[PDB]
Amino acid sequence: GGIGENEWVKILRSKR
Amino acid sequence: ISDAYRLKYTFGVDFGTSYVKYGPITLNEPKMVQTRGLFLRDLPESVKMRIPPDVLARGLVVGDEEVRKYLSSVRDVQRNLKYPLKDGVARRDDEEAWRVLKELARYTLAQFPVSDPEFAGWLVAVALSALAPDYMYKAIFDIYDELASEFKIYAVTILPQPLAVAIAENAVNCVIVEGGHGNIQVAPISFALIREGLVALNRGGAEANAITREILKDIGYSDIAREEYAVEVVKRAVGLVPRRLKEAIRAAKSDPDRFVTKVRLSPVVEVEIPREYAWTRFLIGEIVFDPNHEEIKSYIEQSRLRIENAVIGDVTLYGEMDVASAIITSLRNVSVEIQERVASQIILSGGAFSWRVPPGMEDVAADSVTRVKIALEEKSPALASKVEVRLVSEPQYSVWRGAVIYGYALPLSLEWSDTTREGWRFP
Ligand SMILES: Nc1ncnc2c1ncn2[C@@H]1O[C@H](COP(=O)(O)OP(=O)(O)O)[C@@H](O)[C@H]1O
């Protein structure tokens, strides 16, 4: 449940 | 706006049908306040004499302690207590509903002051029901734009509650089942909310309370049953979920002493569930999963309970459909490619699924995960053999946790679009 391991962080940061 | 800044000043607000969960990303658990406001009308001069002038002039109170302060004074509180989201949607022209929502938005920000100069406003992430129409998104944005003149607010975004659960759970491909007081939302998530698969049920914790109230009257506690707070305490204390209802009822009628129980409501008041009615504990937990049982229909036939469809805009909320059928319907309404990705993980969330099994009752009673697995094994053995079902660690807090993660990660270069329904607005 940590932020660093959460796969959604990379998905969301890729949005344009 | 640095990374460190967003790890301090992301602010999450989950507008539930009965509770708002709120606060900064630095909290270990969110604060909670009931999704309601009390209008101060028709008060005796005796009572009005001792109310602060600024409160009397405002005429509307939010906050749990503050509403409790004045509730005893209002004789007719059905007319004066307003619940703006009891079915997840505030109607466009319901001015009292939107006034209560603005007051709640103000109150929640007011609980967290400033004392560090490098602060230039919150980054607010709001979660709303998947049922919310476009005009609700616009009205919520308007509220926070107006409050930006009273509080420092750098940016605002909005997302649907089922997507927030998937983010909190680190699950990019899943089916979410989110159940609160008002309704159940079923939605597939595959890198986004798959709208075509949304299925909504017109049952929730309110229905568990409704049948608890009718049981209490049958036992002989009609006066207690008129108090909503007391029905809530009894529901949480005595409700049970059966593994299979007919087997649970046979066990409780053969050995009723196993299932009798007592509930303390105050230093003076206590409620007892006696032998004749001990089996009815299983109706209270079962009704959210499946209402199609003769013992529930009996109260409908007496005009003492309602189970019906509702329509809100473009979505029908089904009264009778069981939770397993809703999961199977949701999958059928999306493409096979999506089904193969999401059908592996079913995730239950929301307070309506909080049930625990008392020690010793494992032979006849169930938690929510077990009840849903049993249902899936009956209606789709293939799916049941391949799926994992779980309940989130903190059923009432999962949406808020996903909202703060979303607010932390969504790029600030992504501007709100009315076409894609995502992005930031800057007051
Ligand atoms: N321990 C519990 N047992 C049974 N029901 C519970 C429990 N805790 C909370 N609930 C129910 O959960 C519901 C609140 O769910 P919540 O996730 O806050 O969403 P919402 O704000 O939409 O109601 C209420 O109907 C409440 O009675």
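If you go along the chain as it appears here, the first residue is 1 and each next one adds 1.
Note that Cβ sites are derived from N, Cα and C of the backbone, with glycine treated the same way.
Annotation source Swiss-Prot lists ATP binding site at B:17-21, B:179-181, B:232-236, B:351-355, B:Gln396.
Annotated features, which come from Swiss-Prot, shown on the structure.
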{"residue": "B:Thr17", "record": "ATP binding site", "Cβ within 10 Å": "21"}
{"residue": "B:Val20", "record": "ATP binding site", "Cβ within 10 Å": "23"}
{"residue": "B:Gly180", "record": "ATP binding site", "Cβ within 10 Å": "27"}
{"residue": "B:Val233", "record": "ATP binding site", "Cβ within 10 Å": "17"}
{"residue": "B:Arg236", "record": "ATP binding site", "Cβ within 10 Å": "18"}
{"residue": "B:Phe353", "record": "ATP binding site", "Cβ within 10 Å": "26"}
{"residue": "B:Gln396", "record": "ATP binding site", "Cβ within 10 Å": "21"}
May I ask you to report the DSSP-based helix, strand or coil state of B:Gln396 (ATP binding site)?
coil
Among B:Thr17, B:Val233, B:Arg236, the binding-site residues in the record, which have a C-beta under 6 A from ligand 1?
B:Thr17, B:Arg236
